[PDB]
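Participant: The structure follows.
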Amino acid sequence: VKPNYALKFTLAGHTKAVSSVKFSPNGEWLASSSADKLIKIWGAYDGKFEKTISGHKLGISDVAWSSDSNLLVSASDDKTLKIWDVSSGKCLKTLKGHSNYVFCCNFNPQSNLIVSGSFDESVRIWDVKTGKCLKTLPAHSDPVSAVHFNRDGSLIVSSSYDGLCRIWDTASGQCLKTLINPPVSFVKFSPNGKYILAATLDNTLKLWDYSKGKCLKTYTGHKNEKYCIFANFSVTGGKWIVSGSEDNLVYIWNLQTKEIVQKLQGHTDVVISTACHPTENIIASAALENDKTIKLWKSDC
Ligand SMILES: O=C(O)c1ccc2c(c1)ncn2C1CCCCC1
C-alpha cells in the first residue's frame, strides 16, 4: 500500500550543484554529475566514496551507464560528451559535434550506441566503438531536455522545451510520432516500452500510451516549474513513480491510482535528481546549493 523509505546515508563531496544521479545496472555503484565538472562514484549500499572522474572543461548535466556497468557517458556544457572507463577513470572518447551545451545522454541496452540531446535543438546518435556521430536528427525547435532508448534499442524518445515528445526509429532516424504545450523537462519509456513518462514545467508528470498517443495518468502535488527533474519507475517492490521536487521533498506516487504514497523529508533545498536501485528498494536523491548532499534511502517494500 505504502513504502516506508527512511534515510540511511548522507553523502557530500561535490562543490557545485549536482545535476544527475544514476545507479549502475549491476547495483554496485551510484554515479553523480555536477556543475563542478566532475563525476563521482559512490558505493550504492553504504555510500562509500569511491573515486572522482575528471576531464570535462565545463559543468556536466547528465551521466549514464552502459549495460555491463563498465562505461559511463557524460553530457557537458563544454559541448561534448565523454565516454569513460569507470575502473580506470580514463576518458576513452570525446564525442564532438553538438554546437551548444549537451543536456542529456543514454546508452542503448546493447550499449553500442549513445543518444544525446542538446541546447542546439538536435538529437545525435553516436557509435560507442569509434566515437563518431552516426546521425544528427533535427529533432526539436528548442533545447532537448531528455533522450532515452526503449527496451530493445529500436526506438528513441526525446523531449524538449518546445513542448513536444518525439519517438524516433533508431536505425533510420525517422520520427514515428509526436505527442502533443508546456515545456517538457524529462521523458523516458516505461520498462515494457508501451508507455512514456513525461515531466512538464507546470508541476505535472504524465504517463502516455505510445500506441494511442494519449495521456493515461497524471501525477501532481509536487513543485516543478523551473528545474530539469527526472522521474523514475520504481519496480523492485511496489510499482511507484518517484520524482524530486522544488519544495525539497522526494515524491512517490502509486503508478495506477496516482495517489501520493510517500513524501521523503530531509533535504534542505530543491531535490534535483532521484534514482532507484535495480534490485533493492533503495532511492538516491540529490539536493541543490543550500543542502549540497546526496541521500540514500531504504524501504521495506
Ligand atoms: O512495466 C511497465 O512498463 C508498465 C507500464 C505501465 C503499467 C505497468 C507496467 N503496470 C501497470 N501499468 C499501468 C499504468 C497505468 C496505465 C498503464 C498501465
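Chain A uses Swiss-Prot numbers throughout; the residues present, in order, are 31-210, 214-334.
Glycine is treated like the rest: Cβ placed from N, Cα and C.
According to Swiss-Prot, the protein carries these features:
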| type | residues | note |
| --- | --- | --- |
| MOD_RES | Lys112 | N6-acetyllysine |
| REPEAT | 85-126 | repeat 'WD 2' |
| REPEAT | 128-168 | repeat 'WD 3' |
| REPEAT | 169-208 | repeat 'WD 4' |
| REPEAT | 256-296 | repeat 'WD 6' |
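Describe each of these features in terms of where it is and what it packs against.
Facilitator: The Cβ of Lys112 (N6-acetyllysine) lies under 8 Å from the Cβ of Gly85, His86, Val103, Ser104, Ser106, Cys121, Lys123, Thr124, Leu125, each on the same chain and at least six residues away in sequence. Secondary structure from DSSP puts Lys112 (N6-acetyllysine) in a beta strand.
Using DSSP to sort the residues of the repeat 'WD 2' (85-126) gives these counts of helix, strand and coil: 0 helix, 22 strand, 20 coil.
Beyond the repeat 'WD 3' (128-168), the same-chain residues lying 6 or more positions past its ends with a Cβ under 8 Å from any Cβ of the stretch are 91-98, 101, 103-107, 109-111, 113, 122, 174-179, 181-183, 186, 188, 190, 198, 200, 203, 205, 261.
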Participant: Can you work out which residues elsewhere in the same chain, 6+ from the ends of the repeat 'WD 6' (256-296), have a Cβ less than 8 Å from its Cβ atoms?
Facilitator: 31-35, 49-50, 91, 133, 175-176, 218-219, 221, 223-224, 230, 232-238, 240, 250, 302-316, 318-320, 324, 330, 332-334
Participant: Near the repeat 'WD 2' (85-126), which same-chain residues lie under 8 Å Cβ to Cβ, leaving out any that are not at least 6 residues past its ends?
Facilitator: 46, 49-50, 52-56, 58-59, 61-69, 71, 132-137, 139-141, 144, 146, 148, 154, 156, 158, 160-161, 163, 261
Participant: Between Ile210 and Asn214 there are 3 residues with no coordinates. Please give the Cα separation in whole Å.
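Facilitator: The unmodelled segment spans a Cα gap of 7 Å.
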